[PDB]
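Reading the structure
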Amino acid sequence: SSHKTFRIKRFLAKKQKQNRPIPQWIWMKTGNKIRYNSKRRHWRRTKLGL
Amino acid sequence: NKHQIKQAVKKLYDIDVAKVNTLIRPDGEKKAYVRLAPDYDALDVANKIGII
Amino acid sequence: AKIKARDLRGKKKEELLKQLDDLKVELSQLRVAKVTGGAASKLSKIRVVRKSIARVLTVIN
Amino acid sequence: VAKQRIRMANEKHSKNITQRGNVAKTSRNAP
Amino acid sequence: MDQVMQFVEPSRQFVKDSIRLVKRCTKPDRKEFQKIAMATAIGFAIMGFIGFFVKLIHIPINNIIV
Amino acid sequence: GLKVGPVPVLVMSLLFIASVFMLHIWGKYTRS
Amino acid sequence: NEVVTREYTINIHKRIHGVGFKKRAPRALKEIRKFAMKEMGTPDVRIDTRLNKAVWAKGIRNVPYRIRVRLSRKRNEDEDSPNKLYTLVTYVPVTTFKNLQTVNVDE
Amino acid sequence: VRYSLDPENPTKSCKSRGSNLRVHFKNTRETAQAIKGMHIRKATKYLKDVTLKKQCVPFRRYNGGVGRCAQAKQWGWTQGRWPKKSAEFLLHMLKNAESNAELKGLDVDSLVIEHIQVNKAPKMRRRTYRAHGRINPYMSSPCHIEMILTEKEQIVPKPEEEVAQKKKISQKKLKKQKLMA
Amino acid sequence: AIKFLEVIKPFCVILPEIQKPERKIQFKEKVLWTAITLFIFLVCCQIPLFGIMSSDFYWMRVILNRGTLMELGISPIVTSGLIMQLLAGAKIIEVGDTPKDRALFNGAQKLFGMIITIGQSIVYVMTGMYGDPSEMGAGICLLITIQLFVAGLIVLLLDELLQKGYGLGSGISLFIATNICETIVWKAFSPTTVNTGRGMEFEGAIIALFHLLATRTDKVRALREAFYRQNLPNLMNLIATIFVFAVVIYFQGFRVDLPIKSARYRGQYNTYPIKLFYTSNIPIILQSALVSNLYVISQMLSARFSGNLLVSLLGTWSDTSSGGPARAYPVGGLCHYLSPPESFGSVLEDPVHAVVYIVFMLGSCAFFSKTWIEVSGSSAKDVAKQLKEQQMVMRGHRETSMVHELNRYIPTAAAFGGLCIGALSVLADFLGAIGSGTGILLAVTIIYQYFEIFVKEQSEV
Ligand SMILES: [Mg+2]
Ligand SMILES: [Mg+2]
Ligand SMILES: [Mg+2]
Ligand SMILES: [Mg+2]
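Residues numbered from 1 in each chain as written, not as in the entry; some residues may be left out. Chains lettered and ligands numbered in written order. Part of a larger assembly, values for the part shown. Heavy atoms only, no water.

cryo-EM is the method the PDB entry states for this structure, with the resolution given as 2.90061 Å.

Per the PDB entry, chain I goes by the name Protein transport protein Sec61 subunit alpha isoform 1 and belongs to Canis lupus familiaris. Entered under Subunit (literature references left out) in the UniProt record, the comment concerning chain I runs "The SEC61 channel-forming translocon complex consists of channel-forming core components SEC61A1, SEC61B and SEC61G and different auxiliary components such as SEC62 and SEC63. The SEC61 channel associates with the multi-pass translocon (MPT) complex." Taken directly from UniProt, the Subcellular location text for chain I runs: "Endoplasmic reticulum membrane". (UniProt positions renumbered as here; feature names shortened; annotations may be inferred.)

Per the PDB entry, the recorded name for chain E is Protein transport protein Sec61 subunit gamma, and the organism is Canis lupus familiaris. Its UniProt record gives chain E the following Subcellular location comment, quoted word for word: "Endoplasmic reticulum membrane". The UniProt entry for chain E carries the following text under Sequence similarities: "Belongs to the SecE/SEC61-gamma family."

And the structure:
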């Protein structure tokens, strides 16, 4: 809601920054296996619970 | 806080401050809207700071 | 002109603090250059000046 | 600004039916 | 004073504009200046003398031609 | 529009210098 | 004589007879367009916005029974289109429909 | 890239294929069987009639529920349909094969669809929402298509009104070309 | 557009072109072609032209490099390109935006120099600058026009060769600099002999020093004459040239770096540099051509209304004929104020006259730069469109505010670049440096370009 606590607004912000695609140079690392960020989230498909 | 920010901006850049407004951004960073005294030209001061 | 901890061992507290302040000023000027189009040379200098500051603070402590 | 301009431009635009494919992007050629 | 502010103000702005630009330029450093010194010097020797050589060799031919 | 290889240019360009060489040489010696 | 203009009366009443209320005026626009191909043999029929306005002047179901229209076959100016000609259909207000023949119009 | 059949005389053939095409496999299998063996000009004209509903594709194997039409009597069949997406996908593939013939210097006006084959591609997974809180599959059924075109002795030129059309320029193609150039 | 793009059509289909390299050519292969390419051009710079005897005069052609296969020089090609972009930039000429129309556009810009090649040649033949066509006739004119055609024709392909990855950079820039560098070294090591009433002596400043230092009993007099010849190169003119070289090198690197990134991909940070010499050497070049003809124009004008105080006050003119050839100098008026000093003392004699010229020369180039940008298509809006075309953008900005951020510097970098261009050019002209302030900048710039490529290749070469 608009009425927010500092702790909640801060927890939300960390969830905002984690929600981004991987750097593309990560693909060129020597032993790399990751193809995409498999921990992506959508505000509608899956909910944070808090 | 606004007091510390005012004291920081003055000391770092030897300028004067009229008021400091602050909001915490959705990504968790705090943004300060520092209005300088009327005799300080913010566009001039920005050149000193290298902003522009 | 690198800050090696061996060159700071004897210096006095006021001297080292002055040296620290130059590095703190040098960094804040770089952090400006990060967002205003600083050369790749200036971006790489940040780590060099972050650790220089930590070297000075270690020797002071 | 005169309100009859709304009618004038609407009717002028309705004349594009005959010139499909070569409609002038700007009629105010000056500038 | 239109006659004064008309063309004085652009010139005073012009002077303060150059400084605002100059204090913004990435002026080459003394170390970089030195780099450009040798590089240009070696280059100028490369172009200056090799182009010089073509002209001298053409001399004995040119004197014979005329 | 002919598309040209560098050698053609070198071969054409090389022989052009050869041509003027004879013209300068021939013009004098045979009129000497 | 590709470029030609004639004035027709279309008996919309018999074209839309038996059609549902919410499709009566949409279908008249279709029967007018279909009429245009038959008369001028041009796939590219363009119905004027006044003729569309006239056909809808009375709502979706009480469409006018007869409408006088002008068909003008014209050269398709764009060479990108496959069609060399198109037909323009304009509205011809008439105080009466009695005795109106199909007329040749010469510009 | 291996085709199911080897051409009889490879120098006189042109190939074309596509994979994971999102066109119904059952509709496209029937559409291919209609044009198999056709001359390239005849095949091209036929799939342009399927687009306009002037010639039907007989549905012979995958015919469950398919309706009857008068044009199916042309093929000695009662069931026919007018798959527009399959017709258009196969036209694009014919255009590509036609271009490959040109690149090899073949007589494009003598080409015949010697071999054509539709295969199922891996299905794409969507879902639909059923009563009583259930969820069920909503599978797209794409296909792989491969054709081989061969020169034969019957020649058929391109229609006159067809070669008279402008070479449509693509603005969006240009925009990407600027970025790379 | 319609009657220009299609008029090119028939001829560009027959003119030749250089082939695309299949793959990225090796640097040590690039160097080979470049050195070969440069050597050939240099050879053209010396071969005398065939059949030119009447006038340019023959003795100078022995000394000279005037009269060589490069007699018309790379000038047609440079003027060809500038005139195009000048009209194209102004929207006067419409350039087909497609690569194929661009590939033809290249041929069109190539076509101009080939046109300019014949046009410039015709001027020099008829006027007697090689000699009367009656003396030469069609045949000699035929060869001279052909040769002047082939050299520029060769010069064109050789540049296009380097432009297309078979070498380094571009030929034209390489060529103009090599001339500049050669002139400097030649004028220091030239073994030419000058026949004086003081005797025979060498020309090259370095050569002349040791030749004189032994040939003169008065070794202080050698210290004076050797460094202060008033009709021959001096070690000072070498020192003057060297001193300018460093300063230009310093101000060569001036640039305002704006941050930009791709609007389509994260990170990928890059920068667009607004170079202080934003207008290149064009401003002063246009200014000089204006001044020179203003001297010629006034000469002819002032001979017809000299009795009118206004035409005199505009600019007076005389005929200096004492001893040497009749040379046309101004006597007073504006043109007199629009002239540079010829001697250091002359500046001292009239303090006002010097400041009047300088303000003209600083204002003219600065004003030329400011006005040049808008026409040339390098103003912020045009720059922003190029960035928009490339899908670049300033982070945190909308596409429109880019223009606001670019106008912070570009309009000013225009004027101050021109004012800086002139000021350093005054020093080049005043202190007797070789090649004018335009030339040194050209030389330093080009050598800088090859250097920075050269170092990149050295990373793995
Ligand atoms: Mg929900
Ligand atoms: Mg059943
Ligand atoms: Mg049913
Ligand atoms: Mg439910």
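What follows is about the overall build of chain I. Along its length, chain I carries 19 helices and 8 strands. Taking 23 Å as the expected radius of gyration for a compact globule of 461 residues, we find that chain I reaches 25 Å, a close match to that expectation. Overall, the C-alpha framework of chain I stretches about 75 × 55 × 55 Å when taken along its three principal axes. Looking at chain I residue by residue over its 461 residues, the buried ones come to 41%. For chain I, the exposed area adds up to about 25400 Å²; of that, 64% sits on carbon and sulfur atoms. (Helix = DSSP H or I, 4+ residues; strand = E, 2+ residues; numbered from the N terminus. Rg over C-alpha atoms; globule rule 2.2 N^0.38 Å. Buried < 20%, exposed > 50% of the residue type's maximum accessible area, 1.4 Å probe, protein only. Areas by Shrake-Rupley, 256 points an atom, 1.4 Å probe, with all protein chains shown as cover.)

Turning our attention to the pattern of salt bridges. Tallied over the entire structure, the rule returns 41 salt bridges over all chains. When the shortest N-O distance is used, the salt bridge between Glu79(G) and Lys166(H) registers 3.4 Å. Of this pair, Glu79(G) sits in the loop between β3 (66–75) and β4 (85–91) while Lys166(H) sits in the loop between α4 (160–163) and α5 (171–180), placing the two residues on different chains. Here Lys158(H) ties to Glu98(H) by a salt bridge, and the two come within 3.8 Å at their closest N and O atoms. Linking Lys158(H) in the loop between β7 (143–151) and α4 with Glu98(H) in helix α3 (residues 84–103), this pair joins segments that are 60 residues apart in sequence. Residue class for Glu98(H) comes out buried when judged on its relative accessible area of 15%. Residues participating in the shared-partner salt-bridge network are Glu7(G), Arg68(G), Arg70(G) and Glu107(G). (Salt bridge = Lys/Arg side-chain N within 4 Å of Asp/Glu carboxyl O.)

Once that is clear, we can look at the sheet that holds strand β5 (residues 270–275) of chain I. Residue and element names in this part refer to chain I. Ordered by their spatial adjacency, 3 strands build an open sheet running β5-β4-β8, and the pairing between neighbours is antiparallel. Across the chains shown, the open sheet's two edge strands, defined by having one partner strand only, are β5 and β8 (392–393). Bridge analysis of strand β4 (residues 255–262) against β5 gives 6 bridges, and the strand direction is antiparallel. Looking across to β5, one finds that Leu258 is bridged to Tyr272. (Pairing = 2+ DSSP bridges.)

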